[PDB]
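The structure appears below as structure tokens.
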Amino acid sequence: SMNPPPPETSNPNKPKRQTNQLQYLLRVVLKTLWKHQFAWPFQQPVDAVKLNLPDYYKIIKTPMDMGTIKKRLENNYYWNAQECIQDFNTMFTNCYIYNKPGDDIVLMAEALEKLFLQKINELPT
Ligand SMILES: Cc1noc(C)c1-c1ccc2c(c1)nc(CCc1ccccc1)n2CCN1CCOCC1
Ligand SMILES: [K+]
């Protein structure tokens, strides 16, 4: 089979707000990870057709990526900062579920996760 539609990035039924935390998550946390040497494979949904991963969406039923997170931030999709942190954790955990220890892509996820945790540590109050 092919790819699912990507995660929703807009909900017109959801109220919106801007906050110091949500702004930092886009401008500091997401920007930093995005510009990292290992970011590209995480900048859009996993495309199982192009990567030839016919079991990807059999194993992964809650896909997430930084392209989606970026759009969710830009669209003010997130009301709670926790929702965004969750999405970043889902993204890493997926990489660890599907792939094997020591795989290039696992090593890249580990580095991005380490940096994420360094940046989240400085979330403003
Ligand atoms: C994340 C993730 N979780 O599970 C897998 C598998 C990946 C994964 C794992 C690896 C990923 C990748 C995603 N995206 C790319 C680069 C973008 C791309 C390139 C070609 C076709 C579609 C997208 N790569 C690198 C793919 N190249 C293929 C050619 O050999 C070197 C690596
Ligand atoms: K509103």
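Coordinate-derived values only; no laboratory data. Every residue, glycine as well, gets a Cβ built from its backbone with ideal geometry; the counts of neighbours run over all protein chains shown.
Picking from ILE59, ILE105, which residue would you name as being away from ligand 2 (no atom under 16 Å from the Cβ), more than 24 Å from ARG27 (Cβ to Cβ) and surrounded by 13 or more Cβ atoms within 10 Å (Cβ to Cβ)? Every option except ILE105 fails the conditions.
Starting from residues that are of a type in the set (D, E, K, R) and not in a loop (DSSP other than H, G, I, E, B), keep the ones in the range 70-102 and report whichever is surrounded by the fewest Cβ atoms within 10 Å (Cβ to Cβ). For the range 70-102, the residue satisfying everything is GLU74.
Residues in the range 2-16 that are away from ligand 1 (no atom under 16 Å from the Cβ) and of a type in the set (S, T, N, Q) were compared, and the one that is surrounded by the most Cβ atoms within 10 Å (Cβ to Cβ) is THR9.
Hey, among the residues in the range 17-37 that are free of Cβ contacts under 8 Å to residues at least 60 places away in the same chain and not aliphatic (A, V, I, L, M), which one's surrounded by the most Cβ atoms within 10 Å (Cβ to Cβ)? Restricting to residues being free of Cβ contacts under 8 Å to residues at least 60 places away in the same chain and not aliphatic (A, V, I, L, M), the top hit is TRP34.
Across the range 1-39, the number of residues qualifying as in a loop (DSSP other than H, G, I, E, B), of a type outside the set (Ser, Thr, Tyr) and within 19 Å of the chain's Cα centre (by Cα) comes to 12. Taken over the range 40-59, the criterion of being more than 11 Å from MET2 (Cβ to Cβ) and either assigned to a helix (DSSP H, G or I) or near ligand 1 (Cβ under 10 Å from one of its atoms) (or both) is satisfied by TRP40, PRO41, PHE42, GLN43, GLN44, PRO45, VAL46, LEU51, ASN52, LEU53, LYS58, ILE59.
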